[PDB]
Structures are given as structure tokens and as C-alpha cells.
Amino acid sequence: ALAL
Amino acid sequence: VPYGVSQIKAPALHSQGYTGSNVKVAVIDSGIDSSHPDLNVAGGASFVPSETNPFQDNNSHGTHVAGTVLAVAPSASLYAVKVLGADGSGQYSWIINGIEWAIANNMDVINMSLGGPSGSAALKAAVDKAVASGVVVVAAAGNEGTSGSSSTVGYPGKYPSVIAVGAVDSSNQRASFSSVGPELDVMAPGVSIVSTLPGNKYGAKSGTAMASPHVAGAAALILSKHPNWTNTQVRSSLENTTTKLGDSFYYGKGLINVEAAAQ
């Protein structure tokens, strides 16, 4: 998971 | 305040006396810079083993996101859930822990301005559990662009229990980056969103990360007006009262209308  | 606030019809509720008071909103992000004069952070927790402080935002991500919630729902109680590190990346487990904390902590709204390409059973159980608990779960659709006829929507946003928020500009137009698919729920402003930055700063950011807090913020506006209303009720209210844009694959139901949603 990564920052949007 | 900023254009996206007006766009969603937020001001109309502020005037009437609805500002998100007594609503608990968790920002599951890179932390929140609580030191920011504007930002009132009520509590939180970190799940990043190397970054113990939830109240320290080494990225800028979480502070910008929190800022957006606050401009839409100024009287809301903000909670910083540190799941991402300085790099903007986070583990699925860290994220699950952040969801779990929010449940256990009686959060009203979860904001997840985050997404991954793949899902997990543990991810879905967690989100689905938040929903069973009565939390409004908001997440950005992702910044994947198009893939012909394929859904570009990342996780946890892909999941039905999770409101998938895509991006529009100030002209109601889909942003080029905005993830597409059947799983796309609503559109919110996400192009050049001017918000709070760590160390008493403000700056523009683009992305579905920016769009999500407008919906997380909108949800808190509805709960302030209808304290009695379920997450299911909030969500329906939001989706059913939208300003219809183009095709659902691209726009979902359209642009949120906080004024129409609040009845």
C-alpha cells in the first residue's frame, strides 16, 4: 500500500 | 474556503449550523502534523514500527489529507492513524491494525487516502468488519488512469464495503489519473487541492488522496445533522443525491452534494  | 469545499456544497451546511460536531474521523495515512496551528488532532496511534509518533508527518500526505477533512467538517474530531512511513508506503498489516484501532476506538468515519494493486483476505475482513461496526469507510479510487475496459481501482477501494472516491477538477471533469471501474462510487475534487502542510504550511496536491477526505468530511457533515443515521444511511444519502457526471465507469454516481445528502 501506497499514498494516493 | 478552498474551491472543492464550495464544489461539494459544504458551505450551505456550515451556515445552517452543521459543521461535523461530535463526529470522530480517523485519517489512516502518514500521520498528521498536530503542531499546525489550524489542525486540532484529538488523538491517534502509529502502527509503523520505525515511526513511533502518529503526530509527526514525515511525508506531508496525512497532514494535507487531514486539512481537507477539517475544511469540509471543521468541528469534527480528527484522529491520526499512522500506517504509512516517510516514503508514503505501508504494510497491509500496519493498515489492518489502523482499521482495528478505529473500530475499537469508536470512530465514526475512516479515511483511507491510500491504495494498493492487490488485495488480501485480511484486508477485506478488516474493512467489512468496520462496516459491520457502523463506521463509514472512505478510500481513494487510486491514480491508475485507464486500462482499456479493465478496472483500475485499487484496494481497499475496490471492495464494495468501501466507498471508492475518484477525482474531478473545478470543472466537474474527470482527472486523467483517476482510477476507473464498476467499483468507483463517487467523484470529489482532487485536482490542485490547497491544504495544510507540515510546519505551518499550505500547498496544492493532486490525486484521489485529495478527493477522499472531501467525502470523509461530507459524511461527518451528514452525521452532525443526522446523529441517528447509520453508515448505510450516510452512504446511500451521498450516492443517491449526487450531481450526475458522465458514465458510471468513469464517474460512478457523479459528484457528491453534501447539501442534498443532508436532507
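These values consider heavy atoms only, across backbone and side chains, with no hydrogens, waters or symmetry-generated copies. Proteins get letters first, then strands, A, B, ... in listed order; numbering begins at 1 in each.
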Looking only at heavy atoms, the pair that brings A/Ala1 and B/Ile95 closest together is CB-CD1, 3.1 Å
Choice from B/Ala140, B/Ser212, B/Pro156, B/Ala209 maximising heavy atom contacts with chain A below 4.5 Å:
B/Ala209
Between B/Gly115, B/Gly90, B/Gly154, the one whose heavy-atom pairs under 4.5 Å with chain A are most numerous
B/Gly115
Which atoms of B/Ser113 approach chain A - backbone, side chain, both or neither, heavy atom under 4.5 Å:
backbone
For each of B/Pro117, B/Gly88, B/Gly116, tally heavy-atom pairs with chain A at distances under 4.5 Å, and name the one with the top tally.
B/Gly88
